[PDB]
Number of protein chains: 2
Amino acid sequence: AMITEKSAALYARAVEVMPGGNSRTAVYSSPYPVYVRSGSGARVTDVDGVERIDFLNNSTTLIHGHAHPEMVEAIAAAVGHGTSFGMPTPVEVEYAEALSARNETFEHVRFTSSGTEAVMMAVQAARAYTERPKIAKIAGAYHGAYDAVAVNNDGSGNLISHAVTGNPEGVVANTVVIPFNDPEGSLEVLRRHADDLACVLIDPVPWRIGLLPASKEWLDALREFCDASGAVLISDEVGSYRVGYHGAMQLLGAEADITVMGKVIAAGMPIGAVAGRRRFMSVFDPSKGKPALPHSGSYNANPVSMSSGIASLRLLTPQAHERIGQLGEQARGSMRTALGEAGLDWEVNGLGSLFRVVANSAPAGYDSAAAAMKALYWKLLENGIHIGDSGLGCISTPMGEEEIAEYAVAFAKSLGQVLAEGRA
Amino acid sequence: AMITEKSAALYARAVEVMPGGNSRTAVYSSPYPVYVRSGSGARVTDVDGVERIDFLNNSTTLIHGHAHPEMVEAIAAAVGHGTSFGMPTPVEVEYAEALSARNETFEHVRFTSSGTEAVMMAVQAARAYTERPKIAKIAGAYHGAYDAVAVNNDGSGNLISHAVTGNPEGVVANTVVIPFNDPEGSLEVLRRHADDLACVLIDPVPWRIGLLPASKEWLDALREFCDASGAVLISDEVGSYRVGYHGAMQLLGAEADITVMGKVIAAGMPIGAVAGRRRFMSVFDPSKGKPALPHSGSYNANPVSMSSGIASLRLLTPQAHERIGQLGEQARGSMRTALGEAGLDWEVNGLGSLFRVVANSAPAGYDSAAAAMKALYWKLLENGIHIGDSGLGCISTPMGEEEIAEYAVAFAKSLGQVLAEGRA
Ligand SMILES: Cc1ncc(COP(=O)(O)O)c(/C=N\OC[C@@H]2NC(=O)[C@H](CON)NC2=O)c1O
Ligand SMILES: Cc1ncc(COP(=O)(O)O)c(/C=N\OC[C@@H]2NC(=O)[C@H](CON)NC2=O)c1O
């Protein structure tokens with residue numbers, strides 16, 4: 001039934017001017033991805049004119065969905081006064097005040113143009129503060145393309161160093177890898193490197209290794225180790241921040257030294273933030289002579305991203321947070337029911353407005369769990385739903401009971417078609 | 001004469017929620033910078049309601065000046081359709097076609113959210129392509145905060161490794177430095193590392209070491225060395241692209257393997273680009289199995305930045321390029337006349353629409369050339385002009401000969417006040 005002629009035609013143009021017609025690896029699909037032209041509320045219209053409900057929302061960025069009227073007003077008005085300046089603006093101060101208010105530990109903030117930049121500057125801040133070379137990160141957790149964190153970032157639980165082709169030993173040797181939610185196995189690695197560890201970089205709810213939350217026991221172990229060793233505890237919440245009204249660490253009963261944020265904090269415009277205790281952030285302070293850590297960037301704190309941020313945080317009320325959490329719980333419950341009725345051993349993980357279908361046993365006619373999940377992704381597209389091709393989805397504030405109910409129908413239908421085609 | 005009480009009040013708020021009240025080192029001034037609220041054409045209005053002519057234009061980003069009506073229309077329309085998506089859009093293809101058309105060597109392009117990211121991904125591409133660890137860069141040249149290029153990036157001509165506090169040996173040892181416009185001195189270093197060199201990273205007109213162009217002799221030496229060694233020649237034109245209609249290397253009669261771009265290519269919205277021959281860019285291609293170099297990012301090719309880019313390149317006509325070049329020549333000429341009549345030995349460098357006052361001999365009452373230039377920056381603010389605090393300025397398309405004449409009057413007056421206050 002699904003017509004993708006206009007997507008095919010865009011891809012044929014794209015391959016002439018981009019590598020494999022791609023500018024962002026995560027959005028590529030074989031033989032070509034669906035191209036989209038517009039979004040309104042919870043829905044996206046593709047270039048072939050097909051409207052679908054968006055349950056991934058630019059990889060969980062769009063907490064307020066597409067072209068939220070209050071977001072559009074704030075952003076378009078900011079654009080009309082100037083997109084960026086070589087001078088600070090009132091809105092950077094207002095937005096820093098708004099974000100600092102969200103958690104006790106967000107005492108001092110700096111803005112970047114991406115979570116990728118923000119993770120990089122948080123790592124650089126820990127290295128400048130401690131004057132130690134090594135970082136520890138979770139086996140399998142993704143933190144963007146910065147070479148120090150683009151190590152064991154592929155969802156593998158293995159601790160053996162595995163990096164991108166060309167990432168030198170000089171980088172890779174200074175990133176050590178700990179097992180998620182294994183306190184004893186983590187402390188073994190951390191104690192070995194204690195003298196040389198600038199930071200322990202975690203995601204409290206990492207997507208790529210199943211969207212399971214960090215245990216109280218594991219977070220307590222890392223907090224105690226960082227306190228004892230002087231290593232900086234960095235919580236990368238670029239994705240996971242949204243699980244809690246005060247972020248992921250606070251929800252799970254822990255305190256970071258530095259938190260990395262992005263995505264939902266501006267809900268669609270380019271943003272990252274480094275937010276931490278004054279002493280850790282003091283490496284950036286240029287007011288008492290040259291800073292220990294210079295940090296510039298043409299779009300840092302640009303008033304369009306700052307205005308997007310102010311509007312996003314204003315719309316992210318405790319009531320809106322609670323409501324998308326309830327819709328997330330309902331969505332996860334309905335998916336577990338549908339998977340059970342279909343006879344699959346697949347799990348549904350997630351907190352609040354986040355979920356992930358984690359494919360376990362490959363059904364008949366699929367070479368892998370991952371191939372079965374890709375087939376479900378394509379069947380959901382055919383049945384009017386966007387999710388992630390490895391099972392990630394999320395609730396947006398424009399959604400109500402009706403969108404969740406429609407998702408549940410499309411999910412059950414799509415499972416049936418995936419299984420039937422595997423046996424065909 | 002100058003009232004900055006509303007800037008002082010914003011700074012008093014800022015220091016509570018940012019390190020030293022700062023989110024971008026380059027825009028900080030002691031005791032506080034001037035905060036701005038709006039821009040229109042060539043003019044910026046500060047928070048105290050004072051309108052000035054902007055001659056730095058967000059560090060040379062705003063080639064079309066502030067809130068250009070055709071830019072604002074294109075950006076606001078894109079915002080209305082959705083700020084970012086987890087799917088590619090028509091405008092990323094249209095913008096890649098427009099940017100590819102600017103230079104023979106821009107066969108394939110990849111979009112990032114900043115020049116900082118684009119530099120990082122160009123270096124990662126060269127390392128993935130060659131599977132060699134080392135990069136060569138210019139002594140003193142700035143390329144953003146990415147730790148492999150945040151080495152000898154402070155305007156010094158010394159070849160001795162000098163990096164940010166905390167940047168590990170593991171990074172710093174794999175970045176070697178060459179003397180700008182010294183062919184034999186550069187080849188000595190390059191030939192020592194030839195077997196291990198992934199890339200030679202240059203800026204053809206580097207700001208931080210005086211905004212003087214690369215010589216034909218030096219570019220020929222590097223081009224020949226890269227051809228012989230297999231090292232990738234990367235031209236970082238994030239700042240310098242605008243000197244030529246086809247970019248900086250083409251103006252100077254040279255070809256890069258990869259070009260890094262940003263700033264003017266979208267003229268205000270967050271952007272970077274990596275553009276080069278298909279073979280170098282093929283590491284990013286995800287269409288024939290897993291790519292050698294994964295490269296994602298939440299805002300990569302976002303339709304708002306792509307729409308800003310389409311509008312910017314449409315406005316950057318050969319006629320616009322010619323005219324802002326005329327105004328740059330007039331500005332540089334007027335500054336040289338004013339410096340000569342004031343009895344200063346300071347030089348004015350630049351090509352096309354870029355200029356830099358390079359302070360040489362400190363006049364009476366100033367401890368350094370840099371302190372005298374900072375004083376000139378403050379006096380120019382008092383006299384209704386924004387320039388860079390180290391003497392960088394540039395032309396925007398809304399300017400005419402009248403703005404450059406007003407600048408010349410303010411420049412002569414400001415020199416007089418700087419010298420008189422030094423003798424006080
Ligand atoms: C923890 C974390 N840190 C940094 C970033 C990068 O932020 P960005 O430059 O604003 O896109 C991100 C952003 N995106 O990660 C990609 C996202 N996260 C994932 O783990 C999986 C695997 O992706 N490669 N799929 C996804 O779409 C992040 O999640
Ligand atoms: C060659 C080059 N490569 C990369 C970047 C970073 O791009 P961005 O992340 O889009 O701001 C830039 C951007 N800014 O450099 C800062 C600019 N360049 C300079 O050389 C001097 C010295 O730096 N502070 N003053 C400046 O304000 C760049 O010029």
Side-chain angles (χ1 to χ4, degrees), chain A residues 10 13-14 17-20 22-26 28 34-36 38-39 56 58-59 61 66-67 72 75-76 79-88 93 96-97 100 108 110-111 113-114 127-128 133 165-166 168 170 174 268-270 281 284-287 292 294-296 298-301, chain B residues 10 13-14 17-20 22-26 28 34-36 38-39 56 58-59 61 66-67 72 75-76 79 81-88 93 96-97 100 108 110-111 113-114 127-128 131 133 165-166 168 170 174 268-270 281 284-287 292 294-296 298-301:
Chain A
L10 278 166
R13 284 165 61 193
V17 291
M18 297 177 170
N22 179 252
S23 186
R24 181 184 171 190
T25 310
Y28 183 72
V34 168
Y35 287 70
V36 303
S38 183
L56 187 51
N58 189 21
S59 299
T61 300
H66 297 268
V72 168
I75 294 164
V79 166
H81 282 120
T83 58
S84 56
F85 297 92
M87 317 81 153
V93 182
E97 286 166 346
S100 181
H108 279 179
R110 288 181 79 91
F111 301 117
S113 287
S114 67
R127 283 183 163 161
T165 299
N174 276 336
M269 296 301 295
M281 297 298 294
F284 293 113
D285 182 351
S287 72
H295 170 232
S296 295
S298 298
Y299 319 98
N300 292 9
Chain B
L10 278 165
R13 283 164 65 191
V17 290
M18 298 178 171
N22 179 250
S23 181
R24 180 186 173 189
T25 309
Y28 179 76
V34 166
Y35 286 70
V36 301
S38 178
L56 184 57
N58 190 21
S59 295
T61 300
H66 295 267
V72 169
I75 294 166
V79 166
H81 288 298
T83 59
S84 58
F85 297 92
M87 315 83 152
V93 182
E97 287 169 340
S100 180
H108 277 177
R110 194 96 176 169
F111 301 118
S113 286
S114 69
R127 285 179 164 163
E131 304 189 22
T165 300
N174 280 334
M269 295 305 293
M281 297 298 294
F284 296 113
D285 184 345
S287 75
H295 169 232
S296 297
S298 297
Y299 320 99
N300 291 12

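These values consider heavy atoms only, across backbone and side chains, with no hydrogens, waters or symmetry-generated copies. Throughout, a chain's letter reflects where its sequence line sits, starting with A, and its residues are numbered from 1.
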Whatever's closer than 4.5 Å to a heavy atom in chain A on B:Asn22 counts as both
Most contact-rich option vs chain B, by heavy-atom pairs under 4.5 angstrom, among A:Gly268, A:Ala67, A:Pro294, is A:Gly268
From the list A:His66, A:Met281, A:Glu97, the residue making the most non-hydrogen contacts under 4.5 Å with chain B is A:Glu97
Shortest non-hydrogen pair, B:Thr61 vs B:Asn58, comes out as OG1-O, 2.8 Å
If you tally heavy-atom pairs under 4.5 Å between each of A:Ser38, A:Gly20, A:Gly170 and chain B, the highest tally belongs to A:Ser38
Are A:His108 and A:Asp285 close enough, and set up right, to give a side-chain contact (heavy atoms from CB on, under 4.5 Å), and what steps lead you there? CA-CA 10 Å; A:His108 279 179; A:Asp285 182 351; over 6 Å; no
Bottom line for B:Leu10: the part with an atom under 4.5 Å from chain A's heavy atoms is both
Bottom line for A:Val36: the part with an atom under 4.5 Å from chain B's heavy atoms is both
One option among B:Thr83, B:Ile75, B:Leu56, B:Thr25 has the most heavy-atom pairs under 4.5 Å with chain A, and it is B:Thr25
Assert top hit (heavy-atom pairs under 4.5 Å, partner chain A, pool B:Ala128, B:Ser84, B:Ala26) equals B:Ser84
If one checks every heavy atom of B:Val34 against chain A at 4.5 Å, the contacting part turns out to be backbone
Residue set satisfying side-chain contact (heavy atoms from CB on, under 4.5 Å) with B:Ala14, at least two apart, ordered chain then number -> A:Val93, B:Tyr35
Honestly, the part of A:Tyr28 sitting under 4.5 Å from a heavy atom of chain B is side chain
B:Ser298 and A:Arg24 have their tightest heavy-atom pair at O-NH1, 3.5 Å
Interface check, chain A: of B:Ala292, B:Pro286, B:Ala301, most non-hydrogen pairs under 4.5 Å belong to B:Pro286
Interface check, chain A: of B:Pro88, B:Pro133, B:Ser296, most non-hydrogen pairs under 4.5 Å belong to B:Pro88
task = Report yes if some heavy atom in the side chain of A:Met18 is under 4.5 Å from a heavy atom in the side chain of B:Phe111; otherwise report no.
result = yes
Okay, A:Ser100 and chain B: the region with an atom under 4.5 Å from a heavy atom over there is side chain
The side chain to side chain contact (heavy atoms under 4.5 Å, CB included) partner of B:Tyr299 among B:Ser113, B:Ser114, B:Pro270 is B:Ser113
Highest number of heavy-atom pairs under 4.5 Å with chain A among B:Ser59, B:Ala96, B:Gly82 belongs to B:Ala96
